[PDB]
Every structure is written in structure tokens, then in C-alpha cells.
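Q: This is the structure, below, for whatever I ask next.
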Amino acid sequence: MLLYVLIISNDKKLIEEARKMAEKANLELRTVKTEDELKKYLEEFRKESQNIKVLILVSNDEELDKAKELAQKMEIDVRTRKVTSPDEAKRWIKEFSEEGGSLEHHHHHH
């Protein structure tokens with residue numbers, strides 16, 4: 001199973017602490033810069049949509065809604081969460097990683 005993380009924030013350190021968790025878990029994290037970027041990664045995720053799960057961390061409620069709107073229309077499974085503090089995002093990446101995509105989480109690191 002493929003596991004991707006999309007981060008939307010203006011704080012460069014929040015991006016680092018988010019990456020730190022992803023790197024420890026060996027998850028594929030992408031930095032979202034615009035509505036086009038968010039869309040762009042989703043259009044790419046349409047490739048391996050067979051076995052993919054995406055986690056999205058947004059700074060604002062607008063970013064939250066816009067992300068899920070693009071995903072719904074293109075039938076992509078994304079987990080939209082809102083965070084202003086790095087520790088919050090660190091939790092979401094933690095829980096999203098520990099499950100290993102599915103209950104039968106087998107040894108996998110990308």
C-alpha cells in the first residue's frame with residue numbers, strides 16, 4: 001500500500017517537524033504551495049489510486065475545504081486535518097503511519 005502526506009503551511013519549521021515524522025516513518029511527503037499544487041499531487045495520485053492513502057495537513061479551514069473538494073470530485077481518499085502547531089501535525093502523521101494503511105500492516109519502508 002502507498003502512503004502519501006500533503007502539507008499546507010507558511011511556517012517553514014512546521015514543515016520540518018512534519019517532515020521529521022514522515023522521514024522516521026519513511027512516508028512520501030509533498031509540500032503544497034497553491035491550489036494547483038494540491039490538485040497537481042492528486043492528479044498524480046490518480047495513477048496508483050488502486051492502493052493509495054493520503055494524509056493532508058492544512059493551516060486554515062479554507063485550505064481544509066478546498067483540498068477535500070478536489071479529492072471528492074476525482075474520487076481520491078484523503079484525510080484532511082487542520083493544524084497550526086507542528087506537534088499536532090506530528091500526531092496525525094504518527095497515527096496515519098502506525099496503522100500501516102490497513103489492519104494487516106506488513107513490513108514496508110519506501
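A note on labels: chains of the C-alpha cells are A, B, ... as shown, every chain counts residues from 1, and ligands are counted from 1 in their shown order.
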Which of chain A counts as strand (DSSP E) under DSSP, as a ChimeraX atom specification please?

A: /A:2-8,28-31,52-58,78-82

Q: Write the residues you've just listed into a file as a CSV table (one decimal), in the first residue's frame, and include C-alpha atoms for each of them.

A:
```csv
chain,number,residue,atom,x,y,z
A,2,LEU,CA,1.2,3.5,-0.9
A,3,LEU,CA,1.0,6.3,1.8
A,4,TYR,CA,1.5,10.0,0.9
A,5,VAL,CA,1.3,13.2,3.1
A,6,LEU,CA,0.3,16.7,1.7
A,7,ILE,CA,1.3,19.7,3.9
A,8,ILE,CA,-0.1,23.2,3.6
A,28,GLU,CA,6.3,10.2,0.9
A,29,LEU,CA,5.6,13.8,1.9
A,30,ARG,CA,4.9,16.6,-0.6
A,31,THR,CA,4.8,20.4,0.1
A,52,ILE,CA,-3.1,4.7,-2.1
A,53,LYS,CA,-4.0,6.6,1.1
A,54,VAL,CA,-3.2,10.4,1.5
A,55,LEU,CA,-3.0,12.5,4.7
A,56,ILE,CA,-3.5,16.3,4.3
A,57,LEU,CA,-2.4,18.9,7.0
A,58,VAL,CA,-3.8,22.4,6.4
A,78,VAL,CA,-7.5,11.9,1.5
A,79,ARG,CA,-7.5,12.5,5.3
A,80,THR,CA,-8.0,16.3,5.7
A,81,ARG,CA,-6.8,17.6,9.1
A,82,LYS,CA,-6.2,21.2,10.3
```

Q: Write out as number ranges by chain each polymer residue whose atoms come within 8 Å of residue 97 in chain A, counting only C-alpha atoms; drop sequence neighbours fewer than 3 positions from it.

A: A: 25, 27, 93-94, 100-101

Q: May I have the residues from that selection written out with C-alpha atoms, as a PDB file, in the first residue's frame?

A:
```
ATOM      1  CA  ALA A  25       8.184   6.541   9.146  1.00  0.00           C
ATOM      2  CA  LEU A  27       6.449   8.182   4.209  1.00  0.00           C
ATOM      3  CA  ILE A  93       1.454  11.555  10.738  1.00  0.00           C
ATOM      4  CA  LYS A  94       2.186   9.246  13.709  1.00  0.00           C
ATOM      5  CA  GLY A 100       0.337   0.970   8.022  1.00  0.00           C
ATOM      6  CA  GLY A 101      -2.508   1.748   5.619  1.00  0.00           C
TER       7      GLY A 101
END
```

Q: Please identify all polymer residues within 9 Å of range 9-16 of chain A, counting only C-alpha atoms, omitting same-chain residues fewer than 6 positions from it, and present them as an mmCIF file with C-alpha atoms, in the first residue's frame.

A:
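Dumped to selection.cif:
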```cif
data_model
loop_
_atom_site.group_PDB
_atom_site.id
_atom_site.type_symbol
_atom_site.label_atom_id
_atom_site.label_comp_id
_atom_site.auth_asym_id
_atom_site.auth_seq_id
_atom_site.Cartn_x
_atom_site.Cartn_y
_atom_site.Cartn_z
ATOM 1 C CA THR A 31 4.847 20.401 0.079
ATOM 2 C CA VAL A 32 1.643 22.066 -1.154
ATOM 3 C CA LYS A 33 2.176 25.689 -2.217
ATOM 4 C CA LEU A 57 -2.379 18.861 6.973
ATOM 5 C CA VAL A 58 -3.849 22.359 6.444
ATOM 6 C CA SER A 59 -3.218 25.660 8.309
ATOM 7 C CA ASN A 60 -6.661 27.214 7.558
ATOM 8 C CA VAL A 83 -3.066 22.196 12.269
ATOM 9 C CA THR A 84 -1.299 25.434 13.316
ATOM 10 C CA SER A 85 1.181 23.758 15.702
ATOM 11 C CA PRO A 86 3.907 21.309 14.450
ATOM 12 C CA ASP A 87 3.273 18.817 17.315
ATOM 13 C CA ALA A 89 0.738 17.506 12.585
#
```

Q: Can you measure CA of residue 96 in chain A to CA of residue 43 in chain A for me? One decimal in Å is fine.

A: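 It comes out at 21.5 Å.
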
Q: Looking only at the backbone, which of the residues in range 78-109 of chain A does DSSP tag as alpha helix (DSSP H), as a ChimeraX atom specification?

A: /A:86-98

Q: I need the residues from that last selection saved to file as a PDB file, in the first residue's frame (with N, CA and C atoms), if you can.

A:
```pdb
ATOM      1  N   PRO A  86       3.179  22.457  15.027  1.00  0.00           N
ATOM      2  CA  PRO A  86       3.907  21.309  14.450  1.00  0.00           C
ATOM      3  C   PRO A  86       3.611  19.978  15.171  1.00  0.00           C
ATOM      4  N   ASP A  87       3.569  20.012  16.507  1.00  0.00           N
ATOM      5  CA  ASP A  87       3.273  18.817  17.315  1.00  0.00           C
ATOM      6  C   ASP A  87       1.935  18.166  16.918  1.00  0.00           C
ATOM      7  N   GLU A  88       0.942  18.985  16.583  1.00  0.00           N
ATOM      8  CA  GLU A  88      -0.357  18.475  16.129  1.00  0.00           C
ATOM      9  C   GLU A  88      -0.199  17.639  14.850  1.00  0.00           C
ATOM     10  N   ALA A  89       0.460  18.216  13.842  1.00  0.00           N
ATOM     11  CA  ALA A  89       0.738  17.506  12.585  1.00  0.00           C
ATOM     12  C   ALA A  89       1.549  16.224  12.836  1.00  0.00           C
ATOM     13  N   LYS A  90       2.514  16.312  13.752  1.00  0.00           N
ATOM     14  CA  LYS A  90       3.339  15.161  14.142  1.00  0.00           C
ATOM     15  C   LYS A  90       2.480  13.990  14.644  1.00  0.00           C
ATOM     16  N   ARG A  91       1.420  14.300  15.394  1.00  0.00           N
ATOM     17  CA  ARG A  91       0.472  13.274  15.852  1.00  0.00           C
ATOM     18  C   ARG A  91      -0.241  12.608  14.668  1.00  0.00           C
ATOM     19  N   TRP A  92      -0.821  13.426  13.791  1.00  0.00           N
ATOM     20  CA  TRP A  92      -1.579  12.920  12.639  1.00  0.00           C
ATOM     21  C   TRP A  92      -0.725  11.996  11.757  1.00  0.00           C
ATOM     22  N   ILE A  93       0.519  12.396  11.496  1.00  0.00           N
ATOM     23  CA  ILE A  93       1.454  11.555  10.738  1.00  0.00           C
ATOM     24  C   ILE A  93       1.788  10.268  11.514  1.00  0.00           C
ATOM     25  N   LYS A  94       1.963  10.401  12.829  1.00  0.00           N
ATOM     26  CA  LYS A  94       2.186   9.246  13.709  1.00  0.00           C
ATOM     27  C   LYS A  94       1.062   8.201  13.566  1.00  0.00           C
ATOM     28  N   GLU A  95      -0.179   8.623  13.800  1.00  0.00           N
ATOM     29  CA  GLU A  95      -1.326   7.706  13.778  1.00  0.00           C
ATOM     30  C   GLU A  95      -1.571   7.142  12.368  1.00  0.00           C
ATOM     31  N   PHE A  96      -1.408   7.992  11.355  1.00  0.00           N
ATOM     32  CA  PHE A  96      -1.548   7.583   9.953  1.00  0.00           C
ATOM     33  C   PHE A  96      -0.487   6.542   9.554  1.00  0.00           C
ATOM     34  N   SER A  97       0.691   6.633  10.164  1.00  0.00           N
ATOM     35  CA  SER A  97       1.788   5.699   9.873  1.00  0.00           C
ATOM     36  C   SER A  97       1.634   4.374  10.638  1.00  0.00           C
ATOM     37  N   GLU A  98       1.300   4.457  11.930  1.00  0.00           N
ATOM     38  CA  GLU A  98       1.202   3.264  12.791  1.00  0.00           C
ATOM     39  C   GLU A  98       0.220   2.217  12.239  1.00  0.00           C
TER      40      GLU A  98
END
```

Q: Looking at A:66, A:24, A:73, A:108, which one is nearest to residue 37 in chain A, with distances taken over only C-alpha atoms?

A: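 Checking each candidate against residue 37 in chain A, we get A:66 as the closest.
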
Q: Using only C-alpha atoms, which of the listed residues (A:21, A:35, A:105, A:26) sits closest to residue 64 in chain A?

A: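 The answer is A:35, which sits nearest to residue 64 in chain A.
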
Q: Which residue gives the smallest distance to residue 38 in chain A among A:76, A:22, A:51, A:67, with only C-alpha atoms counted?

A: A:67

Q: Determine the nearest neighbour of residue 110 in chain A from the options A:50, A:44, A:1, A:71, counting only C-alpha atoms.

A: A:1
